[PDB]
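Peer 1: Have a look at this one before I ask anything.
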Amino acid sequence: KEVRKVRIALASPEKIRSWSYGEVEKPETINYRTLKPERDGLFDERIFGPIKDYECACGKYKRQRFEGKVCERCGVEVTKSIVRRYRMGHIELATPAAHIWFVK
Amino acid sequence: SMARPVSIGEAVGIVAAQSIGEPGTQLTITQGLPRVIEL
Amino acid sequence: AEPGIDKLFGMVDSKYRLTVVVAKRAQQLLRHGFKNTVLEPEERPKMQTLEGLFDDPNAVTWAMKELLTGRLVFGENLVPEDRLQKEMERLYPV
Amino acid sequence: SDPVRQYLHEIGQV
Amino acid sequence: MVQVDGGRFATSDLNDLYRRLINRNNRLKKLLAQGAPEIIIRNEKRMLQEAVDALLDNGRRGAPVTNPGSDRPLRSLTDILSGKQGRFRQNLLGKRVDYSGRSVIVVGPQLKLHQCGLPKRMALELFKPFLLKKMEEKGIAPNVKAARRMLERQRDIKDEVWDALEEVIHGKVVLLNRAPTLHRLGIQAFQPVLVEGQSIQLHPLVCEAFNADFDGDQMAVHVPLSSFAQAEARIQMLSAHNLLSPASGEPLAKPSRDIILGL
Amino acid sequence: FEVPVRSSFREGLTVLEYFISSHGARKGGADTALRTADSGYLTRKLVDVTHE
Amino acid sequence: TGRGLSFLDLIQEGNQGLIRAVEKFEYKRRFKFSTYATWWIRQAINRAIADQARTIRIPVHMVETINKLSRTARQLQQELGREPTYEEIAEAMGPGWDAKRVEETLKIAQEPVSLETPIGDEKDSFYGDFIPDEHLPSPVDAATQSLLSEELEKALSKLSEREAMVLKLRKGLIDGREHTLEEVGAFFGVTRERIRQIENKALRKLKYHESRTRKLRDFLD
Amino acid sequence: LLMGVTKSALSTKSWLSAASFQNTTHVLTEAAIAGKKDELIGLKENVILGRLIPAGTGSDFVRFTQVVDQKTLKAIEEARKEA
Amino acid sequence: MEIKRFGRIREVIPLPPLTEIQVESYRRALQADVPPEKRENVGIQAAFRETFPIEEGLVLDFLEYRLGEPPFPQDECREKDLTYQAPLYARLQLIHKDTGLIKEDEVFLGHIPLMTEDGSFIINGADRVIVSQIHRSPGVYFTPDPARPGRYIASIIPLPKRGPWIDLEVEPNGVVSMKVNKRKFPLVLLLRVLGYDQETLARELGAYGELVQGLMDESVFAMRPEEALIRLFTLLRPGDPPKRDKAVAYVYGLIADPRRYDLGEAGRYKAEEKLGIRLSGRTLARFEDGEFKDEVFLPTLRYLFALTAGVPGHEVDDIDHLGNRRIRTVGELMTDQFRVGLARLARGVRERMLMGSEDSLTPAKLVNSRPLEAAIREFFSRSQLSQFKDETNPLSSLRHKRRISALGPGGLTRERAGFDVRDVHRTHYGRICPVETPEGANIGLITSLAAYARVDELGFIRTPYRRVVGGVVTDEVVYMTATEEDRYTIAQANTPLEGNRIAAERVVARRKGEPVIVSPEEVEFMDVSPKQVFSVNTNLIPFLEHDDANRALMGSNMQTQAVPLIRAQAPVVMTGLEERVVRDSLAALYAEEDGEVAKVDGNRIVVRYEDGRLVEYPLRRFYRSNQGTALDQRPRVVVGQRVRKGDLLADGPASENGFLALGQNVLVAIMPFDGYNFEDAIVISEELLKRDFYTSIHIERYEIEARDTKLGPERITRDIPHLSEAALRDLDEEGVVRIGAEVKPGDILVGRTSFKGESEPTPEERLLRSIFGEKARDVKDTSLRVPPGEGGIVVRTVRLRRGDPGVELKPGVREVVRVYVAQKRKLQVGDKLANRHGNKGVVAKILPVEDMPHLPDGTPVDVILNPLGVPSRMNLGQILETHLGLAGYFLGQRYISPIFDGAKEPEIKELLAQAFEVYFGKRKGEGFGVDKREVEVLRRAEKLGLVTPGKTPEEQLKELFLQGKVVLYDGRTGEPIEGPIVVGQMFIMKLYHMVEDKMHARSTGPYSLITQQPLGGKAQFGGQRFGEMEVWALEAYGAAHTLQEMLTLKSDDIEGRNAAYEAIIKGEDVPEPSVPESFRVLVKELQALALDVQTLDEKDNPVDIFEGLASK
DNA sequence: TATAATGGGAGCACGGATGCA
DNA sequence: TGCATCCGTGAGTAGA
Ligand SMILES: [Mg+2]
Ligand SMILES: [Mg+2]
Ligand SMILES: [Mg+2]
Ligand SMILES: [Zn+2]
């Protein structure tokens, strides 16, 4: 699976959606006291991933025996935290918006 | 550098760019660096 | 200067090929624990310690001296890599 | 060029 | 969103841009659901477009988005990719590396052309993993961890680790480099010779190639790891192996200054 | 300047002559300071065009 | 303007307020529309300013508290001619307020800073370049855990297999889970009270082997 | 057609090499529209991907060279001969 | 020892106080020493006069303000990390325009920073300096049109951010155009707005042929100024409805209102002098009688047409002429930031005026000080011209305050600066130093104030000159700006004088800078001294006339880099300026009046003055500076000593007997030695280390904080989990290391534990704890330790704690500990030495005394310098300093040789003869004849033509000694050097750059958040940057695996670096490198841009570098 | 949730490329 | 076809 090429093209809204692990509804980052990702926020773990390796937000499944397992309580997949670097979110606009690179 | 035929696989582009660029600060109608860049 | 560097450059059509050969050979010597060496006991590169002369831990120096001897064969498409590794692992287990 | 000026103009139409 | 040393928080401006976008989008949706007049919705859509603008490329059209009480334009994705500080130039075509160091150079007259004086402490740090393994091969430490803790405190450092370090770097070379690197001879491979003092010793004949005098000029050291890297450095990059300028074909390592004077 | 500097560094300079030379010195300095940047830019261009 | 929200944002939220005003207005009271509308507009603008101005969201009442604290401290410094202490603020805030609460409130009122904040005199370097990553394990830490597992596997085979594997069965070396006495019992065909007494027993004999070779010292930090 | 080093460098087939020079927006936009594929022919492209540069020891000419013992060569010769 | 002075030039005036450019400025700005009714309209007062009254109570007016006293002394401010400042109160009145009621009050405006006697500030505990800023002075200027020969441009310039630049010119179409905010419009319109009629303009401007014809537009004169104003409003502001009231509110605000548009006072004077008119205000136009009335415009246009027509009496302006460039001092900058911050008060005042209860209101409720405070704080803390005060040594601080910058806010931006501004202008004579200025990108931008140069209240730089009448030079000293200087013919200060009369028939003088030879009757002035031409640093270089300007520059700049030495001594050959520098820098301590010293101790000196009052002077002892040097005061007096007024008591850092000591006087020989001096490198004798020459005390401060965290509080305690007593040995009961203890890298200064972040211990990890029969400790070890390459003796400790009086910590922080550790640094290999002449280099080799070249009497030389450094550099000052130093070595005396006036060759020959008698006659009287080796050297010398053949060996040896050359013996052989070598005494300093601080190495370490590449800097224990150019180097070499290793295993490849480390420590070969992380960052950042980046194979099939982690 | 209030406030230099007169 | 507009460039390392 060696990489012989690098291709670059436009992304359809459908492609962008197939990238995303969830929509970010709330313009919120983290809680002001508990300092944890807010639900449906920019840092939300239910979308992008777990902060701790193989551990959820509520703490139901804390080990590696569960992999690909999404908690029914806090809705967080149990996996490596590195995915927080690799997982895209998305935002659904009410009206379409022109990408400025193709305009100006 | 070796006074012998060049070995295949040597990158002569970088070597050329460095060879031309290195005495750029020594360069003093147009003369010197502005002329070089003009060309 | 590395000893006999002129001769080593003379052995090859490209200096980078010499580099590749030396590197690979050094890797082979490291993997098999210098058991595959073509060097005689008195031709072995030595290192000076507090105690006494020991074997030179550096595989690159070994590879270059071996290459200097002429007992090594280098080139492209000599033997398949799989067959090579199996035969080498048989003749010199790790 | 200026969004605020544009909106203020669009306000003065009514 | 990270917590710094002081317990305070540091964050990326993309979070603010995203916040603007999300806020304006949500407000737009609510305005649509509540049957707002055409003017309001129009203005809201304009704002949305300019928010996506600011997010993707900031300052491209109109006034650049800045944080409250600051004149600093927020950093967009385009600013991240493009520029000298951009992703490409800064983090891709060049990088900061491990197994590297730096120090002030000093004339090396006793050195052979292929040698460079390397301070003991520097070499101990640069070769540290090799030194750990060598310490394990001998009886200095039972294992690697103990050796590392042994090297953590300077007062715990004895002579045996130096004698082992000598056997570690034997036959190996390091790379010396001086800024600015104008041509490929701004980096050269030398055989390190462990020396007392904190200064790197540099051979007189390579000074011309490096354009180095000693007014307090400094140089960086790098350690090629693999047998391949070492083979490349020793065969190709060795100082003694390049005696002639790749540009003019003339000797770039030649007598100068005091040498010419004496002869 | 119409009047040259008749004095060497052996003899020593008048403050007038010294101040006269300061112009040339400064000009040279600034010249170098900009020239390094221009040269560097050129070099990067060359590397980018010839790299392959 | 200047509360952390853009002019147009304030205008739009105020527009929402105006909509609320239109829907709730009563012409029966012979009041001009501006009178009734102004209240809802100010309400909406204030709600917006309180809601959206912070990167880390804080509830509106807490925002009111913080603003109140700010005004109080400003009055105190105004009269005293110097920046007030936590105690003086605790005094001018009335009952229920001590120095600690003021300190914690000011601590929770702190806004985060940008990673792109300029360091030098040029565009050369940024604040975020000086912050290490404490999360990802350094190669030394990875090798530490690895060699830890190595040496722990080295000294664990010294004695009878089933009891050591029962010890590992409790500490989750095998399956990565702590098993209850009845379960870890039911594993190999035993049950209950014996199992724990075996673990200790293992831990007793485990006190033997290592103590002779002393390999585990450094990993304890 | 004659063009300067800058325009020439910006006109290159490789979009990775071009975008990392200057006018990054322009290059990336045109490349994305065209759906351009970078073959990773030159240096900069491979440097960006952290791959082995197609030069020096990384050259396809010298990197496939093998090193073998006379004994091992004989062994392979046996294996070839009998089968 | 005796000090011999040279030179025939007598300075008529001493040096004016060198810190005046800071102290006098800021004092003039604040005016706290003057009563409120006497306070001038200049400075902070102006800010109060411009911003007030605030109207539309209906009116809030300014009555008076006051500055209080500092709540803390300077030392306590430096200690507690506070700012040295005085409170600012403002007494104002609230006046209602209906109700005659007046409400009187004074409100706290916040605190404002106070300057010290030395001319610096203390901000957040750190000394800082506000750098003066040169810029283009406001006024009316006229420049030739570059594109259009024969035509001119008239620029009307106000102060920075005081409103827009205005450009008047004659365009090819024939009309007259004016530019404001990048908008070109015919001037006739505005002329009509100001009330001008075609008649007046025709009679006034009609003198010049067909210039006024382009000013004639019938459509403009066909309308009243109202319609012209409205049209102008619609021209300047499209989209805005052209209402009369708003038209006035715009045009008057822009071109008239003084609270918006303000010319400089010096700008006003410039306008008056150039145009030949008188400005009513500082504004171009003024609103009066319900209409607009012009001031500047008509005269400006008149001058423009006059110059364009070629009318005599008109000439173009040089924009870089020092008459047209002024200096904004600290007071002015702070003043303007105060105006900016005070203008913001108006918004709050009016806002709180419009709403709330109009009945109950006070100036207390109206005024919110926060913006003003935030203005000044922004100026001192975060500004460009506010710099970390550089004190390596007193001279560095003295020069830091005398800096003149063209950079900063309101000034030029770099790379936008051409040769013009960086050049040395002919008017820089006596004002700005032509020598001292940074090398590289900052050249010409950063300059230094001349010694005798002073700056007036207008901001111009002026230099002293003596009046000359009929050939008689008086003692009258007149300060002149550049423009004034251009008027007269100024003779040089080296002009021969018999009494006060000029003795030379042809005298060297200058007219507008141009060198010219004249007669004493034509001389209108004379220079005070050569000293005025150069800065303070440059004036400290003896034999400056023998040095090339380029090396003189380095010699000048490097003196500020000189480290204070414990043994430090004043130079053998000085310029005579050495004491003034120590006085003005306030390093040394001096006596107030005539008296007798009562007490002399290490920590204090008690003086009893004649009037009977007992004055105890405390002494600074072992204090750390910003640069990390050592500052302390050593008593120069003893008990019972009778002292006069202004006499030395204690010596400050880098001071010997009230003289400036930047280094030591060492015995140098100029000759190559075994390639150890190759290329500027320096060889030194071990003796220097034996007698502690070039040894310096350095103190570093290590700070730590224990704060409150949600898991639990961090505490400073002696208890550190999992540590032996050996590590806890020097720690006291509280956990802080005991003072006097010796710390080395790895040692713990302040023990600190922090509650562990919630973690799931790996089965192995938690098993291990039970294996040793232990339970996991509730905390982990965060303790402050000693970073690599650092250490010493701990000389101080400071512990700040909350819950204890006098201390208030930043929110959340329980305690803060500071550890001051000092070390005594000997001169070592790699440390940088330099002389005053620009000769500089690191110490390459330290030779034992037996290896050093030595004199026949057995005296070894201290330092060996390479002669090859001399000729290309062209600085011969070091040679003469070395000769005179050789004389002064044997004669046991020092010398003072001021610049351009001082010891000449024959004098040094005489001194060398006198010294030779001592050097030889001693030997001859001791019963020793000439050595064989000396005979051989003398023969070689005869062949060299250095001596006359036939003379006695003694005579030839003297002929050599007069040339500054002696017979020198090699210590390694005993054979003499084949020829005579130059040996003498030279003054050399150890520069701030030391190998001990700059050495760093890293195996692995911390990585960056986003990039996952190694961090930068030694302080962060980061890695070295391998940049584009270095990669180009590896590419050119063709080392593929080395480069790939640099790009992956060594930097951003996680799996790669981990596997490589693990492979190395196991003794195996490093594995194959994998995909770097910065590239993944690139892909994801490109996906955020809605661009799909796909890595493919040869079959064009997608290849996942994220390994299924990014795919649903 | 109720007098009436209705349009903001700041702020060098040379090249290639395209747009327009 | 030439004048004029916008837009995008402007050495490296170290330190701070
Ligand atoms: Mg040099
Ligand atoms: Mg140098
Ligand atoms: Mg209270
Ligand atoms: Zn869960």
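Letters A, B, ... mark the chains of the structure tokens in the order given; residue numbers begin at 1 per chain; ligand numbers begin at 1, in order shown.
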If you count only C-alpha atoms (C1' of nucleotides) and all ligand atoms, which residues end up within 6 Å of ligand 3, as a ChimeraX atom specification?
Peer 2: /G:90-91,93-98
Peer 1: Residues up to 7 Å from ligand 2, counting only C-alpha atoms (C1' of nucleotides) and all ligand atoms: could you list those as a PDB file with N, CA and C atoms, in the first residue's frame?
Peer 2:
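This is the output file out-v3.pdb:
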ATOM      1  N   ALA E 212      33.357  30.578   8.084  1.00  0.00           N
ATOM      2  CA  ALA E 212      33.401  30.710   9.530  1.00  0.00           C
ATOM      3  C   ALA E 212      34.745  31.237  10.007  1.00  0.00           C
ATOM      4  N   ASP E 213      34.706  32.316  10.777  1.00  0.00           N
ATOM      5  CA  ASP E 213      35.862  32.752  11.543  1.00  0.00           C
ATOM      6  C   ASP E 213      35.457  32.524  12.983  1.00  0.00           C
ATOM      7  N   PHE E 214      36.322  32.829  13.941  1.00  0.00           N
ATOM      8  CA  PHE E 214      35.831  32.756  15.303  1.00  0.00           C
ATOM      9  C   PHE E 214      35.825  34.148  15.916  1.00  0.00           C
ATOM     10  N   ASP E 215      34.672  34.794  15.789  1.00  0.00           N
ATOM     11  CA  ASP E 215      34.297  35.984  16.535  1.00  0.00           C
ATOM     12  C   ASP E 215      33.282  35.608  17.604  1.00  0.00           C
ATOM     13  N   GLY E 216      33.051  34.310  17.772  1.00  0.00           N
ATOM     14  CA  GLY E 216      31.899  33.848  18.520  1.00  0.00           C
ATOM     15  C   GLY E 216      30.827  33.189  17.672  1.00  0.00           C
ATOM     16  N   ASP E 217      31.172  32.862  16.430  1.00  0.00           N
ATOM     17  CA  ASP E 217      30.291  32.079  15.567  1.00  0.00           C
ATOM     18  C   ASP E 217      29.887  30.785  16.273  1.00  0.00           C
TER      19      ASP E 217
END
Peer 1: Residues of chain C were defined as contacting chain I if any atom lay at most 8 Å from it, counting only C-alpha atoms; please report them as number ranges by chain.
Peer 2: C: 16, 27, 30
Peer 1: Using N, CA and C atoms, can you write the selected residues to a file as a PDB file, in the first residue's frame?
Peer 2:
ATOM      1  N   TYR C  16      27.040   6.653  -5.030  1.00  0.00           N
ATOM      2  CA  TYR C  16      25.854   6.335  -4.250  1.00  0.00           C
ATOM      3  C   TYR C  16      25.599   4.832  -4.227  1.00  0.00           C
ATOM      4  N   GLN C  27      24.342  -3.750   7.336  1.00  0.00           N
ATOM      5  CA  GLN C  27      23.089  -4.258   7.883  1.00  0.00           C
ATOM      6  C   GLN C  27      23.114  -5.777   8.006  1.00  0.00           C
ATOM      7  N   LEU C  30      25.278  -6.674  10.918  1.00  0.00           N
ATOM      8  CA  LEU C  30      24.606  -6.422  12.190  1.00  0.00           C
ATOM      9  C   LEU C  30      23.547  -7.479  12.491  1.00  0.00           C
TER      10      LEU C  30
END
Peer 1: Quick one: DSSP strand (DSSP E or B) residues in region 4-35 of chain A, as a list in words?
Peer 2: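 Answer for region 4-35 of chain A restricted to strand (DSSP E or B) is residues 5, 6, 7, 8, 9, 10, 23 and 30 of chain A.
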Peer 1: Go ahead and write the selection's residues with C-alpha atoms as an mmCIF file, in the first residue's frame.
Peer 2:
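What follows is the written file result.cif:
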data_model
loop_
_atom_site.group_PDB
_atom_site.id
_atom_site.type_symbol
_atom_site.label_atom_id
_atom_site.label_comp_id
_atom_site.auth_asym_id
_atom_site.auth_seq_id
_atom_site.Cartn_x
_atom_site.Cartn_y
_atom_site.Cartn_z
ATOM 1 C CA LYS A 5 0.642 9.666 -5.956
ATOM 2 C CA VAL A 6 -1.188 12.537 -4.275
ATOM 3 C CA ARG A 7 -4.475 13.747 -5.764
ATOM 4 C CA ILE A 8 -6.309 16.970 -4.917
ATOM 5 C CA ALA A 9 -9.871 17.901 -5.886
ATOM 6 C CA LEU A 10 -13.024 19.627 -4.654
ATOM 7 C CA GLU A 23 -22.502 17.988 13.297
ATOM 8 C CA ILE A 30 -15.755 23.116 27.281
#
Peer 1: Counting only C-alpha atoms (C1' of nucleotides) and all ligand atoms, what are the residues, protein, DNA or RNA alike, that approach ligand 4 to within 7 Å? I want them as JSON, numbers by chain.
Peer 2: {"A": [56, 57, 58, 59, 60, 61, 71, 72, 73, 74, 75, 76]}
Peer 1: Hey, which residues sit close to ligand 1? Say within 12 Å, counting only C-alpha atoms (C1' of nucleotides) and all ligand atoms, and write them as a short mmCIF file (atom, residue, chain, number, x, y, z; two decimals) with N, CA and C atoms, in the first residue's frame.
Peer 2:
data_model
loop_
_atom_site.label_atom_id
_atom_site.label_comp_id
_atom_site.auth_asym_id
_atom_site.auth_seq_id
_atom_site.Cartn_x
_atom_site.Cartn_y
_atom_site.Cartn_z
N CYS E 207 36.88 26.10 7.35
CA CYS E 207 36.35 27.41 7.71
C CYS E 207 35.91 28.21 6.49
N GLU E 208 36.72 28.17 5.43
CA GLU E 208 36.37 28.86 4.19
C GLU E 208 35.05 28.36 3.61
N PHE E 210 32.66 26.85 5.22
CA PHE E 210 31.59 27.24 6.14
C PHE E 210 31.44 28.75 6.22
N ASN E 211 32.38 29.49 5.64
CA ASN E 211 32.50 30.94 5.85
C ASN E 211 32.49 31.26 7.34
N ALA E 212 33.36 30.58 8.08
CA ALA E 212 33.40 30.71 9.53
C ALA E 212 34.75 31.24 10.01
N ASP E 213 34.71 32.32 10.78
CA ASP E 213 35.86 32.75 11.54
C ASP E 213 35.46 32.52 12.98
N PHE E 214 36.32 32.83 13.94
CA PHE E 214 35.83 32.76 15.30
C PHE E 214 35.83 34.15 15.92
N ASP E 215 34.67 34.79 15.79
CA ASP E 215 34.30 35.98 16.54
C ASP E 215 33.28 35.61 17.60
N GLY E 216 33.05 34.31 17.77
CA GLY E 216 31.90 33.85 18.52
C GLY E 216 30.83 33.19 17.67
N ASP E 217 31.17 32.86 16.43
CA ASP E 217 30.29 32.08 15.57
C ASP E 217 29.89 30.78 16.27
N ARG E 257 45.52 32.27 5.21
CA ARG E 257 45.94 33.03 6.38
C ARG E 257 47.33 32.64 6.89
N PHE I 678 44.35 31.54 14.78
CA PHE I 678 43.84 31.51 13.42
C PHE I 678 42.43 32.10 13.31
N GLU I 679 42.27 33.04 12.39
CA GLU I 679 40.99 33.72 12.15
C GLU I 679 40.33 34.29 13.40
N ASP I 680 40.96 35.31 13.97
CA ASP I 680 40.39 36.09 15.07
C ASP I 680 40.32 35.36 16.42
N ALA I 681 40.68 34.08 16.42
CA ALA I 681 40.74 33.31 17.66
C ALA I 681 41.83 33.89 18.57
N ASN I 839 38.42 44.70 17.52
CA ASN I 839 39.05 43.39 17.47
C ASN I 839 38.37 42.48 18.49
N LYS I 840 37.85 41.36 18.02
CA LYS I 840 37.09 40.46 18.88
C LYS I 840 37.34 39.01 18.51
N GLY I 841 37.22 38.12 19.50
CA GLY I 841 37.32 36.70 19.24
C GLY I 841 37.19 35.86 20.49
N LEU I 868 47.35 39.12 11.54
CA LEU I 868 46.57 38.97 10.31
C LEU I 868 45.20 39.63 10.40
N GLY I 869 44.75 39.88 11.62
CA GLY I 869 43.47 40.54 11.83
C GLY I 869 43.54 42.04 11.57
N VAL I 870 44.74 42.60 11.66
CA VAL I 870 44.92 44.05 11.50
C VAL I 870 44.71 44.66 10.10
N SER I 872 43.38 44.00 6.97
CA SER I 872 42.13 44.05 6.23
C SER I 872 41.08 44.85 6.99
N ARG I 873 41.21 44.86 8.32
CA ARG I 873 40.26 45.56 9.18
C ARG I 873 40.56 47.06 9.23
#
Peer 1: Which residues, written as an MDAnalysis selection string, have at least one atom at most 12 Å from residue 148 (chain G), with only C-alpha atoms (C1' of nucleotides) counted and residues fewer than 3 positions away on the same chain left out?
Peer 2: (chainID E and resid 143:145) or (chainID G and resid 140:145 151:155 215:221) or (chainID I and resid 762:768)
Peer 1: Would you write out, as a tab-separated table, a table of all residues in chain F that have an atom no more than 6 Å from an atom of chain I, listing for each the closest atom pair and the distance in Å to one decimal, considering only C-alpha atoms and ordering rows by chain and rising residue number?
Peer 2:
residue	atom	partner	partner_atom	distance
F:9	CA	I:546	CA	4.6
F:12	CA	I:546	CA	4.8
F:13	CA	I:545	CA	4.8
F:23	CA	I:424	CA	5.5
F:33	CA	I:440	CA	5.2
Peer 1: Keeping only N, CA, C and O atoms, write the selected residues to a file as an mmCIF file, in the first residue's frame.
Peer 2:
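To be explicit, this is the file written out as selection-v7.cif:
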data_model
loop_
_atom_site.group_PDB
_atom_site.id
_atom_site.type_symbol
_atom_site.label_atom_id
_atom_site.label_comp_id
_atom_site.auth_asym_id
_atom_site.auth_seq_id
_atom_site.Cartn_x
_atom_site.Cartn_y
_atom_site.Cartn_z
ATOM 1 N N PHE F 9 45.620 56.133 7.832
ATOM 2 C CA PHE F 9 45.316 55.684 9.182
ATOM 3 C C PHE F 9 46.592 55.690 10.012
ATOM 4 O O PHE F 9 46.546 55.721 11.240
ATOM 5 N N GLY F 12 46.575 59.433 10.783
ATOM 6 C CA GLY F 12 45.368 59.718 11.535
ATOM 7 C C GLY F 12 44.494 60.715 10.801
ATOM 8 O O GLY F 12 44.985 61.518 10.007
ATOM 9 N N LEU F 13 43.196 60.675 11.077
ATOM 10 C CA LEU F 13 42.234 61.496 10.354
ATOM 11 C C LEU F 13 41.736 62.672 11.183
ATOM 12 O O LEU F 13 41.671 62.595 12.408
ATOM 13 N N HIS F 23 29.833 58.510 5.429
ATOM 14 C CA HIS F 23 28.788 58.385 4.415
ATOM 15 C C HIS F 23 28.968 57.105 3.611
ATOM 16 O O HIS F 23 28.061 56.268 3.536
ATOM 17 N N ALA F 33 23.268 44.910 3.744
ATOM 18 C CA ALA F 33 22.075 44.508 4.487
ATOM 19 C C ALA F 33 20.883 44.154 3.597
ATOM 20 O O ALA F 33 20.163 43.196 3.872
#
Peer 1: Please identify all polymer residues within 12 Å of residue 46 (chain H), counting only C-alpha atoms (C1' of nucleotides), omitting same-chain residues fewer than 2 positions from it, and present them as a PyMOL selection string.
Peer 2: (chain A and resi 3-6) or (chain E and resi 92-93) or (chain F and resi 51-52) or (chain H and resi 14+16-17+38-44+48-55+58) or (chain I and resi 1031+1035+1040+1043-1044+1047-1048+1075-1076+1079)
Peer 1: Using only C-alpha atoms (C1' of nucleotides) and a distance of at most 12 Å, pull out the residues of chain B that contact chain J, as a count of residues only.
Peer 2: 3
Peer 1: Go through chain E and flag each residue having an atom no more than 9 Å from chain H; for those, report the closest pair of atoms plus their distance in Å to one decimal, using only C-alpha atoms, ordered by chain and rising number, as a tab-separated table.
Peer 2:
residue	atom	partner	partner_atom	distance
E:78	CA	H:25	CA	7.4
E:81	CA	H:24	CA	7.8
E:82	CA	H:24	CA	5.8
E:83	CA	H:22	CA	7.4
E:87	CA	H:20	CA	9.0
E:88	CA	H:20	CA	5.6
E:89	CA	H:20	CA	6.6
E:91	CA	H:48	CA	9.0
E:92	CA	H:48	CA	5.2
E:93	CA	H:48	CA	5.9
E:94	CA	H:47	CA	8.7
E:232	CA	H:57	CA	8.0
Peer 1: Should the cut-off be 12 Å, what would the residue list for chain B against chain I look like, counting only C-alpha atoms, as an NGL selection string?
Peer 2: :B and (1 or 7-19 or 21-22)
Peer 1: Check every residue of chain I for an atom within 12 Å of chain K, counting only C-alpha atoms (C1' of nucleotides), and provide those that qualify as a ChimeraX atom specification.
Peer 2: /I:387-388,414-416,440-441,997-1000,1016-1020,1024-1030
